[PDB]
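Following: one structure in C-alpha cells, then a few remarks.
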Amino acid sequence: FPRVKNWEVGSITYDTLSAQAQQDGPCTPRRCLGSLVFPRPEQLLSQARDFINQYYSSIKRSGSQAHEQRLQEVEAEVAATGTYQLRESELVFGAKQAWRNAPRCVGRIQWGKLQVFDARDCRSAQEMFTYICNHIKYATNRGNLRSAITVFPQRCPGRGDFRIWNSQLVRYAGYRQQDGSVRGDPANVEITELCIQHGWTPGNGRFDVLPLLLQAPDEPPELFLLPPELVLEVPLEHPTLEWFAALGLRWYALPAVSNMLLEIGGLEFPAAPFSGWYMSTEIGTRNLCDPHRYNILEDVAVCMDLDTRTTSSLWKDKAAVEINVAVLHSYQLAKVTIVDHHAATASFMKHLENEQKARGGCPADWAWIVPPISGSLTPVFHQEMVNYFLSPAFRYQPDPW
Amino acid sequence: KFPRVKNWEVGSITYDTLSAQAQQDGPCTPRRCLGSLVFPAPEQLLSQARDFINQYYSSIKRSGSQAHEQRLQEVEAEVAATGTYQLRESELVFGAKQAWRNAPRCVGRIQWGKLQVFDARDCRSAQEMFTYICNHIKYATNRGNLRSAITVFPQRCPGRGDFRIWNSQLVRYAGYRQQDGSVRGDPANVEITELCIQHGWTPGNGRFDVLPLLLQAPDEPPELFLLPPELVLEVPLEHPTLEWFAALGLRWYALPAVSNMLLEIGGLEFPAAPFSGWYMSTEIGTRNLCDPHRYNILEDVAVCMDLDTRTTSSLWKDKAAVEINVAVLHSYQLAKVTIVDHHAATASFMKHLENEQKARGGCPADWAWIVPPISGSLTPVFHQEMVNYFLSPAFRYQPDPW
Ligand code: HEM
Ligand code: HEM
Ligand SMILES: CCN(C)CCN1CCCc2cc(NC(=N)c3cccs3)ccc21
Ligand SMILES: CCN(C)CCN1CCCc2cc(NC(=N)c3cccs3)ccc21
Ligand SMILES: C[C@H](O)[C@H](O)[C@H]1CNc2nc(N)[nH]c(=O)c2N1
Ligand SMILES: C[C@H](O)[C@H](O)[C@H]1CNc2nc(N)[nH]c(=O)c2N1
Ligand SMILES: [Cl-]
Ligand SMILES: [Cl-]
Ligand SMILES: [Gd]
Ligand SMILES: [Gd]
Ligand SMILES: [Zn+2]
C-alpha cells in the first residue's frame, strides 16, 4: 500500500485503491515512463461482471434482489449475441466513473454532475451531426457551460464504426505555405488537410472554425459545416493593455474531446465526445504560447516593450502571465464559464480528500495535474500522487486511417 | 524494445537504450507509477566494483587491456583479503563525475565534466574535517565566481563508524520554533537547529542566521563548528524597479552545498562527500522564498505590489512570484555572484540530453524535477519526454544520523 505524503502540510495517506489496478501502465521497476504522453474471445464477460458489481456496490445494493438478476441477462446476452447492451442507468454510472478515473483530469471534483445523451440508436452521418448539435447547444448553454457526454453505439464485429475524425468538435484551421509555415493552428494542420481533401473551401485566416468530418460505419466520412451561431467564441482583450484586442486573438468556449474511446464493462464506444469547460492555462499558456501552437509569446512581449534580448529579464514569464490574465478577463466579460489554475488545483485537492474517504485513494498523473505555469504556487505541486488504471475509463485510440 | 521518447515542441524521436543498463530498481511497477514520490556479502560488492572498473577503463579507452585485467584481479584479491578495496585517485575523480552525470533530478548536468574533486580520504578527525570543508567553501565560492566542487571524506569500512555531516547543506539558515508554533527563519531547518542548540550552540534570533556545522567523526559524538563569517558569501535581495523590495530585508547565500547525501562508487560508500555548484534562480525565488512551508513571502509581496489578492483570477500569485524571481536574478548579478535562470538552464539541459544521446544512448531524467516550478511549458524540457532510472556511480539519499 503506497505511502503518499503532502509536503506542504506534512500529512500522510495510503492509496489502498491502487491495489485494484487493471490494464497495466508503462513503468517497470527498472525505468519510469510517467512523462510519456501516449505510453506504447471469452474476455468480454470478465470486464462485464466487474462493472456490474461496481454498479450495485455504489447504489447500496450488493448481495440481494436484482444484483443476482442483472448478472444473468448479460450472461445470456453475451451467450446468444456475443456482446451486451447496458441499462441506461449503467451507461450513466459507467460514464461518470470513467471521468472519476481519468488520471490526468484536474476537474474531477465535478465528476458527479454530468449529462449523458444516449445516442446508442444512431444510424447515419446525418444522425450524428444532429446528436453532436444538440450536445454543443446543451453544453454551451449561452456561455453557462454544462458538462456533457454523448454516447454513440458500441462497436461490434462484422461492420464498421462511428468515429469523429476531429480531435475536438471545435478546432481552428492550419494552412501551409511555400515555406511550410502555418497560418492558424499548427496542431490541426493534418485534419485541415483532410477537410479540404473532402470538399471544404479553405478560409483566409488564423481562426477559421474547421468543418466536421463525421463517419458512419463502413462508409467514407461526410463533411458537415457547423452553424456559425452554434460556435460560441470569445474575442480576447486585456483589462488594461488596450492594444491586446488589436492582436485579433480569439478562442472558442466549449472544449469538446471527440476522439477518445469510452470503455464501460468491456464495451468500446469509439465515438463518445465529452465536454466540460476550460481551465484558463490551457488556452492562454498551451494553445497560445506553446512554440508548436500559436506561439504568440514574443509578439505579446514586443507590445509590452519587454527586454527580449536576455532570458533573465523573465520576459517570457511576464508576457505569459498577461496572456493568461487576458484569457480570464475575456471569458468572464463574455459570461462564459472558465476556471483559473489556482481555483482548479484547489478543488482537486478537495477532490483528493473526498476520494480518500470514499474509495481509499485517487489515480492522478502529477505531470498533468500540475498546471503549465506557476506549478509550485499551486497545492497539487507539493502533493505526492499515485498513477494507475481503473475501469471504466477513457482511452486513446488510433486515428481512423 | 527500448523506450521511444518524443520531443513534442520539435517532433524529434529517440530511443533510450541506456535505460536497459539500469543497475538498480526504482519504485514504479506496471500496476502503478510512483514517479512523483520525493523519496522512492562480498560477491555483490564484487560485481559492483567489476562494473565500475569496466566503466573506468572504457572512459580512458583501455577497455579490456592489460591494466584493466590487472585492476580486476587486484580488486578481487583485496576484497578477499580485507573485505573492501581502495579507489585509485583517478578512479575517484572519474566516479564523482559519473555520479553527477547520472543524477536524474539535476538540471545542471551540462557541467558534469567540469568538477573539482578534493580527495579527503586521509581525513582523521572532526577538526580536520572542518578544515577540508572550509577550504571547499572558499574554493567553490571564489568571491562570487562559483566553481563546481566535491570533497570526498573516508569511505565506509568495516570496524569503524561513519564520517557524517549532520547539516543537509554547508550553508543553511536557522529555523527557530517561535512560541506560537510558528517559525522565525527557514522552517525546513527546525530539526537541525534544535540539534545545534542541544549540542552547545548559542542561537540567534534573526531570520537569516547561518547555522553552525555539526561534524561527526567515526565512533565520536558530533562536534559543533562555527563557519567563519567571511567564508559565507551572501546576497542582499533588491528589486530593479520595486524599491520597497529592499526593505523586506531578504537575503540568500551564494553557495548551495549539499552535504547529507551518500556517494556510491563501485560498491564503495562515501557517507560524507559534500558537493556544490551554483543556484538556479527558481530554487531561491520560487521554492525557498514562496513555498507556503518555507519563507512564504508571496502574499506579503503581492500586497505591497498593490495586487488584488481577494480573488485568484487576477493571477496575483503568478505576478508576485515572477517579480520575486526577477529580484533574485537582479540581486545576484548586481553582487557578481554566479546564477542561472530557468530559461538558460533548461536550454542547456536540452543540449546535455543531445550530448548524452550520442554518447551513452540516453540520459536518466526525472521530468518532475527538471521542469522548473514556474513557467514549466515556457521551457523546452516541458515538451520533452524522459526516462527515469538509476545508474551507478550515484548520489543517493541516506537516513539522518540521529
Ligand atoms: C468540468 C470542468 C473540467 C475541467 C476544468 C477539466 C480539465 C482538464 C484538463 C486541464 C485536462 C488536461 C489534459 C489536456 O489538456 O490534454 C483534463 C484531462 C482530461 N479530462 Fe477533464 N476537465 C473537466 C471535465 C471533464 C469531463 C466532463 C470529462 C469526461 C466526462 C473529462 C475527462 C478528461 C479526460 C479523459 C482527460 C484526459 C485523461 C488522460 O488522458 O489520462 N474532463 N481535464
Ligand atoms: C553547476 C551548477 C548546478 C546547477 C545549476 C544544478 C541544478 C540542480 C537543481 C535545480 C536540482 C533540483 C534540486 C532541488 O530543487 O531541490 C539539482 C539536483 C541535483 N543535483 Fe545539480 N546542479 C548543479 C551542480 C551539481 C553538482 C556539481 C552536483 C554533484 C557533483 C550535482 C548533483 C545533483 C544531485 C545529486 C541532485 C539531486 C538528484 C536526485 O536527488 O536524484 N549538481 N541540481
Ligand atoms: C491533442 C491534445 N492533447 C494531447 C489531448 C487533447 N485532450 C485530451 C483529452 C483531455 C483534454 C481536455 C481539454 N480541456 C478540457 N478542459 C476538456 C475537454 C473535454 C472535457 S474537459 C483539452 C484537450 C484534451
Ligand atoms: C532535501 C530537499 N530536496 C529533496 C533536495 C534538496 N537538494 C539535495 C539534492 C540536490 C539539490 C540541489 C540544490 N541546488 C543546487 N543548484 C545545488 C546544490 C549542490 C550543487 S548544485 C538544492 C538542494 C538540493
Ligand atoms: C513530455 C510531457 O509529458 C508533455 O509535454 C506533457 C507534460 N504535461 C502535460 N500536461 C497537460 N495537462 N497537457 C499536456 O499536453 C502535457 N504535456
Ligand atoms: C511531491 C512532489 O513530487 C514534490 O513537491 C517535488 C516535485 N518536483 C520538484 N522538483 C524540484 N526540482 N525540486 C523539488 O523539491 C520538487 N518537489
Ligand atoms: Cl484545447
Ligand atoms: Cl536551496
Ligand atoms: Gd509603444
Ligand atoms: Gd519604482
Ligand atoms: Zn513511473
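Identifiers for the C-alpha cells are assigned positionally: chains receive A, B, ... in sequence, residues are indexed from 1 per chain, and ligands are indexed from 1 in the order shown.
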
### Message
Taking only C-alpha atoms and all ligand atoms and a cut-off of 6 Å, can you tell me which residues surround ligand 1, written as a list in words?
### Response
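The distance check yields residues 99, 102, 103, 104, 105, 106, 107, 110, 147, 274, 275, 276, 277, 278, 279, 368 and 394 of chain A.
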
### Task
Could you please tell me, as a count of residues only, which residues of chain B have an atom within 7 Å of chain A when using only C-alpha atoms?
42

#### Entry: Selection near residue A:190, 10 Å with only C-alpha atoms, sequence-local residues under 2 positions removed, as a VMD selection string
chain A and resid 166 173 to 175 186 to 188 192 to 195

Those selected residues, please, written with N, CA and C atoms and delivered as a PDB file, in the first residue's frame.
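Resulting contents of result18.pdb:
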```pdb
ATOM      1  N   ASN A 166     -12.202  14.567 -36.113  1.00  0.00           N
ATOM      2  CA  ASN A 166     -11.530  15.671 -35.449  1.00  0.00           C
ATOM      3  C   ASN A 166     -11.200  15.292 -34.010  1.00  0.00           C
ATOM      4  N   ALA A 173      -8.362  26.031 -38.139  1.00  0.00           N
ATOM      5  CA  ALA A 173      -7.637  25.561 -39.313  1.00  0.00           C
ATOM      6  C   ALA A 173      -6.132  25.815 -39.203  1.00  0.00           C
ATOM      7  N   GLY A 174      -5.369  25.056 -40.002  1.00  0.00           N
ATOM      8  CA  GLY A 174      -3.935  25.241 -40.158  1.00  0.00           C
ATOM      9  C   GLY A 174      -3.473  25.178 -41.606  1.00  0.00           C
ATOM     10  N   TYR A 175      -3.122  26.331 -42.177  1.00  0.00           N
ATOM     11  CA  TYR A 175      -2.837  26.476 -43.601  1.00  0.00           C
ATOM     12  C   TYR A 175      -1.334  26.588 -43.831  1.00  0.00           C
ATOM     13  N   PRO A 186      -1.193  25.126 -35.750  1.00  0.00           N
ATOM     14  CA  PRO A 186      -0.346  24.024 -36.237  1.00  0.00           C
ATOM     15  C   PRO A 186      -0.764  22.656 -35.732  1.00  0.00           C
ATOM     16  N   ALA A 187      -1.452  22.567 -34.592  1.00  0.00           N
ATOM     17  CA  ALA A 187      -1.884  21.265 -34.100  1.00  0.00           C
ATOM     18  C   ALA A 187      -2.925  20.609 -35.004  1.00  0.00           C
ATOM     19  N   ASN A 188      -3.605  21.382 -35.854  1.00  0.00           N
ATOM     20  CA  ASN A 188      -4.721  20.883 -36.650  1.00  0.00           C
ATOM     21  C   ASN A 188      -4.430  20.879 -38.149  1.00  0.00           C
ATOM     22  N   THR A 192      -7.009  19.599 -41.072  1.00  0.00           N
ATOM     23  CA  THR A 192      -7.323  20.618 -42.064  1.00  0.00           C
ATOM     24  C   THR A 192      -7.073  20.100 -43.475  1.00  0.00           C
ATOM     25  N   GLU A 193      -6.001  19.324 -43.663  1.00  0.00           N
ATOM     26  CA  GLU A 193      -5.716  18.783 -44.987  1.00  0.00           C
ATOM     27  C   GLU A 193      -6.751  17.738 -45.396  1.00  0.00           C
ATOM     28  N   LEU A 194      -7.327  17.016 -44.429  1.00  0.00           N
ATOM     29  CA  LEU A 194      -8.377  16.057 -44.757  1.00  0.00           C
ATOM     30  C   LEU A 194      -9.710  16.752 -45.014  1.00  0.00           C
ATOM     31  N   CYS A 195      -9.934  17.915 -44.396  1.00  0.00           N
ATOM     32  CA  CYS A 195     -11.185  18.635 -44.613  1.00  0.00           C
ATOM     33  C   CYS A 195     -11.235  19.261 -46.003  1.00  0.00           C
TER      34      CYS A 195
END
```

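Residues of protein, DNA or RNA having any atom at most 9 Å from ligand 9, counting only C-alpha atoms and all ligand atoms, are residues 303, 304 and 305 of chain A.
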
### Message
List as JSON, numbers by chain the protein and nucleic acid residues near residue A:361, meaning an atom at most 8 Å away when only C-alpha atoms are counted, but skip any in the same chain fewer than 5 places from it.
### Response
{"A": [14, 15, 16, 17, 18, 352, 355, 356]}

Include N, CA, C and O atoms and write out the residues we just selected as a compact mmCIF listing (two decimals), in the first residue's frame.
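Result file out23.txt:
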```
# COMPACT_ATOMS: atom_id res chain seq x y z
N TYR A 14 -2.41 6.52 2.67
CA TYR A 14 -2.10 5.33 1.90
C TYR A 14 -3.14 5.14 0.80
O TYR A 14 -4.34 5.31 1.03
N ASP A 15 -2.67 4.81 -0.41
CA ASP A 15 -3.53 4.58 -1.57
C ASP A 15 -3.86 3.09 -1.63
O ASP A 15 -3.18 2.30 -2.29
N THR A 16 -4.91 2.70 -0.90
CA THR A 16 -5.34 1.30 -0.93
C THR A 16 -6.05 0.97 -2.24
O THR A 16 -6.03 -0.18 -2.68
N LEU A 17 -6.66 1.98 -2.87
CA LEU A 17 -7.39 1.77 -4.12
C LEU A 17 -6.45 1.32 -5.24
O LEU A 17 -6.89 0.64 -6.17
N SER A 18 -5.17 1.70 -5.15
CA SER A 18 -4.21 1.34 -6.19
C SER A 18 -4.13 -0.17 -6.37
O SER A 18 -3.87 -0.65 -7.48
N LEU A 352 -9.27 15.10 -3.89
CA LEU A 352 -8.44 14.01 -3.38
C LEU A 352 -8.87 13.59 -1.98
O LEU A 352 -8.90 12.40 -1.67
N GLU A 355 -12.04 11.61 -2.37
CA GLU A 355 -11.80 10.27 -2.89
C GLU A 355 -11.11 9.39 -1.86
O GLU A 355 -11.26 8.16 -1.91
N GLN A 356 -10.34 9.99 -0.95
CA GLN A 356 -9.67 9.20 0.08
C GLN A 356 -10.67 8.52 1.00
O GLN A 356 -10.57 7.31 1.25
```

### Message
Need the shell around residue B:217: protein/DNA/RNA residues with any atom at most 9 Å away, counting only C-alpha atoms. Skip same-chain ones fewer than 4 positions apart. Format as a PyMOL selection string?
### Response
chain B and resi 124-127+129+161-165+221-223

Put those residues in a file: C-alpha atoms, as a PDB file, in the first residue's frame.
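Generated file (result22.pdb):
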```pdb
ATOM      1  CA  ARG B 124      41.281  11.601  10.570  1.00  0.00           C
ATOM      2  CA  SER B 125      39.154  13.763  12.880  1.00  0.00           C
ATOM      3  CA  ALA B 126      36.193  16.102  13.031  1.00  0.00           C
ATOM      4  CA  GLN B 127      38.643  19.028  13.344  1.00  0.00           C
ATOM      5  CA  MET B 129      37.052  17.533   8.509  1.00  0.00           C
ATOM      6  CA  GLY B 161      31.840   4.290  12.351  1.00  0.00           C
ATOM      7  CA  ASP B 162      30.968   6.715   9.562  1.00  0.00           C
ATOM      8  CA  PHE B 163      32.077  10.231   8.871  1.00  0.00           C
ATOM      9  CA  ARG B 164      28.890  12.316   8.691  1.00  0.00           C
ATOM     10  CA  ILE B 165      27.917  15.934   8.203  1.00  0.00           C
ATOM     11  CA  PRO B 221      29.565  12.270  19.017  1.00  0.00           C
ATOM     12  CA  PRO B 222      29.021  15.158  16.588  1.00  0.00           C
ATOM     13  CA  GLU B 223      31.090  18.248  17.269  1.00  0.00           C
TER      14      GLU B 223
END
```

### Query
What do you get as a list in words if you pick all residues at most 7 Å from ligand 10, counting only C-alpha atoms and all ligand atoms?
residues 241, 242 and 243 of chain B

How would the residues just picked look written out with N, CA and C atoms as a tab-separated table (two decimals), in the first residue's frame?
```
chain	number	residue	atom	x	y	z
B	241	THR	N	13.18	47.49	-10.15
B	241	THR	CA	12.24	48.59	-10.18
B	241	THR	C	11.37	48.71	-8.93
B	242	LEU	N	11.26	47.72	-8.06
B	242	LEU	CA	10.41	47.88	-6.86
B	242	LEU	C	11.32	48.22	-5.68
B	243	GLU	N	11.49	49.51	-5.41
B	243	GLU	CA	12.48	49.95	-4.42
B	243	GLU	C	12.09	49.61	-2.99
```

#### Entry: strand (DSSP E) positions in stretch 68-291 of chain A, given as an NGL selection string
:A and (115-118 or 148-151 or 163-164 or 174-175 or 183-184 or 212-215 or 222-224 or 233-235 or 250-252 or 256-257 or 261-264 or 267-269 or 274-275 or 278-279)

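Put simply, atom CA of residue A:196 is 26.3 Å away from atom 17 (C, counted along the ligand's line) of ligand 3.
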
### Query
Which residue, B:203, B:361, B:95, B:380, has the smallest gap to ligand 5 when you use only C-alpha atoms and all ligand atoms?
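Of B:203, B:361, B:95, B:380, the one nearest ligand 5 is B:380, counting only C-alpha atoms and all ligand atoms.
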
### Close residues to ligand 2 using only C-alpha atoms and all ligand atoms, limit 7 Å, as a PyMOL selection string
chain B and resi 96-97+99-100+103-109+111-112+115+148-150+275-280+283+340+345+369+395-396

### Backbone DSSP call of helix (DSSP H, G or I) for stretch 33-149 of chain A, listed as number ranges by chain
A: 44-58, 65-81, 88-100, 108-110, 125-143

### Task
Kindly provide, as a list in words, all nucleotide and amino acid residues lying within 7 Å of ligand 8, counting only C-alpha atoms and all ligand atoms.
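These are the residues that qualify: residues 256, 283, 284 and 288 of chain B.
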
#### Entry: From A:153, A:273, A:239, A:227, residue lying nearest ligand 3 [only C-alpha atoms and all ligand atoms]
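Using only C-alpha atoms and all ligand atoms, the shortest distance to ligand 3 belongs to A:273.
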